[PDB]
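For the record, the sequence lines run as chains D, h, n, i, m, j, l and k.
Just so we're aligned: the first sequence equals residues 148 to 226, 232 to 258 in the deposited numbering.
Just so we're aligned: the second sequence equals residues 2 to 193 in the deposited numbering.
Just so we're aligned: the third sequence equals residues 2 to 193 in the deposited numbering.
Just so we're aligned: the fourth sequence equals residues 2 to 193 in the deposited numbering.
Just so we're aligned: the fifth sequence equals residues 2 to 193 in the deposited numbering.
Just so we're aligned: the sixth sequence equals residues 2 to 193 in the deposited numbering.
Just so we're aligned: the seventh sequence equals residues 2 to 193 in the deposited numbering.
Just so we're aligned: the eighth sequence equals residues 2 to 193 in the deposited numbering.
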Amino acid sequence: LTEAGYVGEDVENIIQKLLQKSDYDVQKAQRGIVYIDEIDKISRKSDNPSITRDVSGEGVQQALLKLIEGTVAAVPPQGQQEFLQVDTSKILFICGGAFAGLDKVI
Amino acid sequence: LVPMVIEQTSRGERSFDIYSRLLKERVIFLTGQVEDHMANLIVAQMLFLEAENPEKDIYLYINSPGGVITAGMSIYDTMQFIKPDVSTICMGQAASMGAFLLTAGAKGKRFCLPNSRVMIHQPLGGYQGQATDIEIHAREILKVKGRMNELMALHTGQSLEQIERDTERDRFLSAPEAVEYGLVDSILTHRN
Amino acid sequence: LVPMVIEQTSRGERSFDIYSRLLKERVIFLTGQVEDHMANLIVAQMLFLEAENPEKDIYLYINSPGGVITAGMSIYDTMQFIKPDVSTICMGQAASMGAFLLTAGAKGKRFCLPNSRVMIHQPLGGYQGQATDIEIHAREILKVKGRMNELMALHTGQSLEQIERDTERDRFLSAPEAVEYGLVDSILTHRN
Amino acid sequence: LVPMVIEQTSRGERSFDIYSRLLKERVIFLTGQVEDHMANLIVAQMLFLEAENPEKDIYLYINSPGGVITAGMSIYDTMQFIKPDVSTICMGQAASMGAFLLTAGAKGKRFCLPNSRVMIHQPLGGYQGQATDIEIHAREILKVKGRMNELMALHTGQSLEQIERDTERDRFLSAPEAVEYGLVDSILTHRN
Amino acid sequence: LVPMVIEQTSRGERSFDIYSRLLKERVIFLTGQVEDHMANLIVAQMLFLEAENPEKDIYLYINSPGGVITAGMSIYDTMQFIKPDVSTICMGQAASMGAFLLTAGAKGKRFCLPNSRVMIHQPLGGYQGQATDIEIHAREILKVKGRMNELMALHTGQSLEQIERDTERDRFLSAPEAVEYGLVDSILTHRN
Amino acid sequence: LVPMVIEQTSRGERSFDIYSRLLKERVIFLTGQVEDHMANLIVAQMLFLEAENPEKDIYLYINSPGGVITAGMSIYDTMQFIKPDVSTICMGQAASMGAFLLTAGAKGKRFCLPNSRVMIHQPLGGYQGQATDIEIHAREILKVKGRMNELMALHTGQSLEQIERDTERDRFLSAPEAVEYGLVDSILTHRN
Amino acid sequence: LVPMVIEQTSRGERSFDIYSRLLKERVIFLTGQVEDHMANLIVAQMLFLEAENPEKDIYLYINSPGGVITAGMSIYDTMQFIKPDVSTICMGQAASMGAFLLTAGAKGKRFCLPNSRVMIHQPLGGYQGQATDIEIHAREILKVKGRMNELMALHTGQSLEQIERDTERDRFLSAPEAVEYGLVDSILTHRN
Amino acid sequence: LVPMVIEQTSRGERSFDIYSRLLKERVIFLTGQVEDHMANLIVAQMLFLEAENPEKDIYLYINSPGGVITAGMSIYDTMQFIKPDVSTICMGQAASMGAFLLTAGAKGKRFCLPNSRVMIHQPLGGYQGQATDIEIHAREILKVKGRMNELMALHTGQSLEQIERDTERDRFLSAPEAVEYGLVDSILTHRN
């Protein structure tokens, strides 16, 4: 995942995979579950001042803020002419990571 | 040489020398003969610590056979000027100037190790030249002696006459004796 | 050994020596014998601080027994040349050159700690050689003596005649005595 | 010229000095004549190690021909004050001041190598001046000798009179003899 | 110690030495006795600044008490060779070599502080050996004296005979006198 | 000046000193006069190597004209204390102290170059003072001589009387002779 | 100290000292007495520059008052060995060895500043011992003198007899005189 | 100081000192007097180069006036022990110890500059003491002289008797003469 407007993958691509499991049904996709992995890698890499925009780091978190809380995302029709609208207000998002070094902070 | 230590922080590991590491903890070392150059380092450190936390105390470890009076006075004035209370701990020994700075700490925050000696004596000087210049320098040192006795009397709490008679010649005091005299307030034997 | 300090800033964390850290706050230390090398170093700091912000006052701490006049005049000229005011604070002692630079600060911004020894005396020199060369150097040092007396009289405010009589022999002035004499403006006892 | 070592950890490669690397293992080296500067360095290291782990023991290898009494007492007081038990290992030699610190370690943790010499002698001093000043200094050193003997008697377990008689003149002891005398309690022949 | 300063740039923050930072501004310091080692250092700085911008003038601060003529001549030739105009400012004092280099700057860009002193004298030398060698060295120094007088006359603008008469013995010149004599162009008393 | 070397590793690039690079390979250099400061550096290296890997041999290169006995014994005890075998290689020369450490290596790991000198002699010392003090130091030096002779016999395999007779005066032994005498095990002339 | 400059090279920004920055441009400085340590440093730089570009010209500034012939000869051999031409520029002074290296530059690439002094003299030496040893050293110094004279004639173009006759005693040659004598090719006054 | 150079490689740009830069190309510098400290430095470099590539020859530049025989022997043994061939090049001069190491290189890989000077002499020493101990040292120096001559004859190829006759007193050999004597294989005059 990466911030919008870059070569990297977009956050909306996550919902695209969900549609496939739901037979491309928006009603069924608006009540599914999602398990994000490697969430500990998007953490700021000792760049709190934000000298450069962490598209692969902080940039991913910013885009996911509205996704976890709930927002009508525009997912590609299949995988831009239609931009199917999928509401993520009732979709659960699980985040799994290793957080190597977090023990020192605690 | 001075060893290097690593401090663990949330951001990451950082390398600092042994003395710099203790500086972050508001600890200042006063070792060796007191002079203008070493005095400025102490003054700069004390001023730097005041800005970081003008409320937390500052610890000053005194271990030296005295030194120049002018250089020592700069530390004393800085110690009294800065709002933070400066706690003085005597390690090994504290000569005339070292003892003056030891007793110049905040009330109730002047400590000394169980096995340490405190020495106090009148200022030592000297000048060679014309008789007219001798009187000028002779009177100047006399004023310093009187001024230092007044300051020591105020901190120790004893009468000015007592300080003059006791400081007329070299006087050695132990840790328990320093407490009774008033140079220090307590003795640190073991960590509770 | 100069201890290192950590400065926390939004841009990041940077490590600087104790002296460099105070330099960022427009603080310059003048300690030890006054010479061309140390004096030249002070000149660079003043010029650097002026470029950064020629509006904030520059603080100069003087604690030295004096030195060559030529080196001192270099600092005095720089202080008067740069538009920002150069606040002078005396800690410890201030000899002829130290006192001359101490009184050379901006009017109303010259301070001294309560326990400070300010000393002022006429220039010292000496030459060996042919009588013709002795006369040349004798006139040169005399001109320097008169030039320094005029400058000191200007900052102190006292008449040139009084400065000459007081500068003929070594004169020691305490912090309160320096205020009334005009060398300093006020005394810094405690913060706020 | 000291060699550099690399420490491997999850954070990454870390560069260290031979002495700095051993400091992480709670190992302090006491070498050369005991003085205030080197003594303060050891005091800082002991305090630093206490903060990291006030439970783990510190290993202070002692190899020195002795030194200043005041400087040595600062180390002795620090070892007794800090909660951790300081283990002293004698390698090469341990003179009066060095032997005093060797026997100042925690009970059951004062080690000595098979080939090492321990020398215990009374304090050495000297003063030049008037008779009144000589008596003050002569009496002061006597108190140090008496105080030093009492501390050694407590750690070694010998009677005060026995220590005074043995320390009246230089007395050399070997690793096995030091065990019976009480300076140490074991010999490190081979690692087990 | 040489303080360190931080320079703000678009790429980021770069730490520069006090003297190194001023070098970026085309400012070179000439302090202390003139010798071959420092002379080559100044020559390297002048050459480096010329390549960076051969159209911007270079500022040279002179506060040296003079030195070797050969070492100084290297600086003089370098200043005249490089196309950029070298501006010389006298701080503190300027002896024979210092004065020669001070007046060697580009016409109209030579400045002297109000209290700076300038002294000019004939070359100093000597030799021990056979009479033939004495004549060889005696003639060489004489040529240097004549060559230096001609160069000084060209920059100062005074007659060759006048320079010779004034250079027979040390001649101290103040800032106002240097302007009249032609050694400097103006006096920098204030920023504006 | 010690040249720097780069160690290329899959993880990344790294820089090391000439001696530091060899330290990673369990190699220690013993050069110059033997003293407490240099001895501690060697002891620290041995302790560091033991902690890194206690199952790998340590190579020590000896090239020195000897030195203090206490400093040397501090290294001898460390070799036997640590379980890793300490291989000793003689380069250039190995004097009394150097020879003692050369023969102190693990059996079968004592090597010497074809062109190397080995000298063994009784301990050298001296003391001045009262007759009573002379006896104390005289008896101690004699005990050290006997103790060193016993250790030499154990490592070399020679009888006590033979070592005493050969050690009474300086005895120079070449590399081939050192093999028969037992000071070394083999001679390394070429790499196979 | 040596100032540090920054080069805005492609792909990054690096900070190098003034001397290192000029070395990257094929510029070598030869300052001070000629000795083995400084001579080897120059030889290393010349060999390094050959690797980067064995075709670009190399510049060597000469401002030395001479030195050991053996140390200087090492530089001369390197200059004539490496394929790149070596351009010698005389700045300030150039003694016998310095002048010898000045003439060792490639034909048409030997320059000299206007106010530069070149002094050429026969080798200086000395030995004390037995008459037999005196003859050995006396013959060697004479051979070295003849060898240097032959090299001087080859580079300068003067006849061998002329070089020997003019080298008997110190011979001072100015910049224009050096061109006529053949020591240098041209004089650099201003950039054209 | 030592200039710093940048090396371009696949990883990126790396900063190296002049000596460290040449160490990568298997080039070792032997400058100044031969002693134990510098000798060990060369030994460490030779061993380091052997591990990096035991099939590439090592170049050793010898420019020294001699030194301790034991220190030089450590380098000689290392050169013969390591499988890689060591190429010796004489720059400036090569005294007894330097000449011995110069001729100790691999046959056919020994070079000398055209103006280099090589001198060979018998070992020099001395001892002060009794008649019994002096005989030991006086007998050891002869053994070193004999062993030194044997090695010199083996590498040079001349008979042992001839070496003794030529080594009795100082003998200077030029670059061409060294070739006939066998000390060098060829002379390097230009790069082809």
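All C-beta atoms in this analysis are idealised placements derived from N, C-alpha and C, irrespective of residue type, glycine included.
> Nearest to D86 of chain i by CA position, among i:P177, i:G126 and i:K108, is which residue?
Replying inline: In the fourth sequence, the residue the question calls residue 86 of chain i occupies position 85. Nearest of i:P177, i:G126 and i:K108 to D86 of chain i, Cα basis: i:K108.
> Should the region 98-115 of chain j be called in touch with the region 63-81 of chain j, which here means at least 3 C-beta pairs below 8 Å?
Replying inline: yes
> Roughly how many angstroms separate the alpha carbons of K146 of chain i and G33 of chain m, rounded to a whole number?
Replying inline: In the fourth sequence, counting from the first residue as 1, residue 146 of chain i sits at position 145. In the fifth sequence, counting from the first residue as 1, residue 33 of chain m sits at position 32. Roughly 53 Å between the two C-alpha positions.
> By Cβ distance, which residues of its chain are closer than 6 Å to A176 of chain m, with the 5 residues on each side in sequence left out?
Replying inline: Reading the fifth sequence from its first residue, position 175 is the one you call residue 176 of chain m. If we look at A176 of chain m and ignore the five residues flanking it on each side, its Cβ neighbours are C113, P115, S117 and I188.
>> Once DSSP output is grouped into helix, strand and coil, what is the label at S21 of chain j?
In response: Taking the sixth sequence and counting its residues from 1, the one referred to as residue 21 of chain j is at position 20. For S21 of chain j, the secondary structure class from DSSP, reduced to helix, strand or coil, is helix.
> Which of the residues in the region 2-20 of chain h, read from start to end, lie with their CB under 8 Å from any CB of chain D?
Replying inline: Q9, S11, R12 and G13
> Relative to the alpha-carbon of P124 of chain h, which residue among h:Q131, h:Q163 and h:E169 has its alpha-carbon at the smallest distance?
Replying inline: Here residue 124 of chain h refers to the residue found at position 123 of the second sequence. Out of h:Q131, h:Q163 and h:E169, h:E169 has the C-alpha closest to the C-alpha of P124 of chain h.
>> Taking the alpha carbon of residue 1 of chain k as the reference point, which residue from j:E14, j:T89 and j:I7 has its own alpha carbon closest?
In response: Residue 1 of chain k is absent from the model: chain k starts at 2 and stops at 193.
> Within 7 Å: the Cβ of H191 of chain n and any heavy atom of the ligand NAP?
Replying inline: Ligands in the displayed structure: none, and consequently the ligand NAP is not present.
> What residue from n:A52, n:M153, n:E162 and n:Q163 has the CA that sits closest to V185 of chain n's CA?
Replying inline: Here residue 185 of chain n corresponds to residue number 184 of the third sequence, with the count starting at 1. Of the candidates n:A52, n:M153, n:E162 and n:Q163, the one whose C-alpha sits nearest the C-alpha of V185 of chain n is n:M153.
>> Let me see if you follow: with CB-CB separation under 8 Å, is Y62 of chain i close to chain h or not?
In response: Counted from its first residue, the fourth sequence places residue 62 of chain i at position 61. It does not: the Cβ of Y62 of chain i has no partner Cβ on chain h nearer than 8 Å.
> Using the beta-carbon of each residue, which ones in chain h are nearer than 7 Å to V257 of chain D?
Replying inline: In the first sequence, residue 257 of chain D corresponds to position 105, counting from 1. Near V257 of chain D (Cβ distances below 7 Å), the residues of chain h are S11.
>> For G158 of chain h, which residues in the same chain have their Cβ closer than 8 Å to its Cβ, ignoring the five residues on either side in sequence?
In response: For this step, residue 158 of chain h is matched to residue 157 along the second sequence. The residues are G183.
> What residues in the region 99-123 of chain h bring their beta carbon closer than 7 Å to a beta carbon of chain i?
Replying inline: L114, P115, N116, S117 and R118
> Name the DSSP beta bridge partners of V35 of chain i, please?
Replying inline: If you number the fourth sequence from 1, residue 35 of chain i lands on position 34. BP columns for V35 of chain i point to i:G68.
>> Checking the sheet assignment: what are the DSSP bridge partners for residue 196 of chain l?
In response: Nothing about residue 196 of chain l can be reported from this structure: the residues present for chain l run from 2 to 193 only.
> Apart from the five residues just before and just after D171 of chain j, which ones in its own chain have a Cβ nearer than 7 Å to its Cβ?
Replying inline: As a working note, residue 171 of chain j is residue 170 in the sixth sequence. Closer than 7 Å at the Cβ level, and outside the excluded window around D171 of chain j, lie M120 and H122.
> How about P4 of chain j and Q46 of chain k: do their beta carbons lie closer than 8 Å?
Replying inline: Here residue 4 of chain j corresponds to residue number 3 of the sixth sequence, with the count starting at 1. Here residue 46 of chain k corresponds to residue number 45 of the eighth sequence, with the count starting at 1. Going by C-beta atoms, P4 of chain j is nearer than 8 Å to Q46 of chain k.
> Ordered along the chain, which non-local residues of its own chain (more than five positions away) have a Cβ less than 7 Å from that of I142 of chain l?
Replying inline: In the seventh sequence, counting from the first residue as 1, residue 142 of chain l sits at position 141. For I142 of chain l, same chain residues with a beta-carbon under 7 Å away, outside a window of 5 residues either side, are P124 and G126 in chain order.
>> Checking the sheet assignment: what are the DSSP bridge partners for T89 of chain j?
In response: Locating residue 89 of chain j in the sixth sequence gives position 88, where the first residue counts as 1. In the DSSP output, where bridge partners are listed per residue, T89 of chain j has j:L61 and j:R111.
> Using a Cβ cut-off of 7 Å, which residues of the region 169-182 of chain i contact any Cβ in chain j, in chain order?
Replying inline: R170, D171 and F173
>> Quick check: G106 of chain j and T79 of chain j, are their CB atoms within less than 8 Å of each other?
In response: For the purposes of this step, residue 106 of chain j is taken as the residue at position 105 of the sixth sequence. For the purposes of this step, residue 79 of chain j is taken as the residue at position 78 of the sixth sequence. For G106 of chain j and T79 of chain j, no; Cβs fall outside 8 Å.
> What residues of chain i sit near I83 of chain j, judged by a beta carbon separation below 7 Å?
Replying inline: Reading the sixth sequence from its first residue, position 82 is the one you call residue 83 of chain j. Against chain i, a Cβ distance below 7 Å from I83 of chain j picks out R192.
> Between the C-alpha atoms of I83 of chain i and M39 of chain h, what's the straight-line distance to the nearest angstrom?
Replying inline: Indexing the fourth sequence from 1 puts residue 83 of chain i at position 82. Indexing the second sequence from 1 puts residue 39 of chain h at position 38. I83 of chain i and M39 of chain h: Cα-Cα distance of roughly 28 Å.
> Does the beta-carbon distance from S75 of chain i to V28 of chain i come in below 8 Å?
Replying inline: Your numbering for residue 75 of chain i matches position 74 in the fourth sequence. Your numbering for residue 28 of chain i matches position 27 in the fourth sequence. Not closer than 8 Å, so no.
> Who are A95 of chain k's beta bridge partners in DSSP?
Replying inline: Sequence index remark: in the eighth sequence, residue 95 of chain k carries index 94 (1-based). Paired residues: k:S65 and k:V119.
>> Beta carbons nearer than 8 Å to chain j: which residues of the region 28-50 of chain i have them?
In response: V28, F30, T32 and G33
> Relative to the C-alpha of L102 of chain n, which residue among n:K57, n:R140, n:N150 and n:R12 is closest?
Replying inline: Start at 1 with the first residue of the third sequence, and residue 102 of chain n comes out as number 101. It is n:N150 whose Cα lies nearest to the Cα of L102 of chain n.
> Residues of chain C with a CB under 9 Å from the CB of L189 of chain k: which are they?
Replying inline: Any reference to chain C falls outside this structure, whose protein chains are D, h, n, i, m, j, l and k.
> Which of helix, strand or coil does DSSP assign to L254 of chain D?
Replying inline: Numbered from its first residue, the first sequence carries residue 254 of chain D at position 102. In the structure shown, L254 of chain D sits in a helix (DSSP, three-state: H, G or I).
> So is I137 of chain n in contact with chain m if we call contact Cβ pairs under 8 Å?
Replying inline: Within the third sequence, residue 137 of chain n is the residue found at index 136, counting from 1. It does; some Cβ of chain m falls within 8 Å.
>> Spatial neighbours of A179 of chain l within its chain, please: C-beta separation below 7 Å, excluding the five flanking residues on both sides.
In response: Working through the seventh sequence from its first residue, we reach residue 179 of chain l at position 178. Only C113, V119 and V185 meet the Cβ criterion.
> In three-state DSSP terms, what is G13 of chain n?
Replying inline: As a position in the third sequence, residue 13 of chain n is number 12, starting the count at 1. Reduced to three states, the DSSP call for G13 of chain n is strand.
> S75 of chain n by DSSP, collapsed to three states: which one?
Replying inline: Looking up residue 75 of chain n in the third sequence gives position 74. Helix, per DSSP.
> For a contact meaning CB atoms closer than 9 Å, what does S65 of chain k contact in chain l?
Replying inline: Against the eighth sequence, residue 65 of chain k aligns to sequence position 64. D37, listed in chain order.
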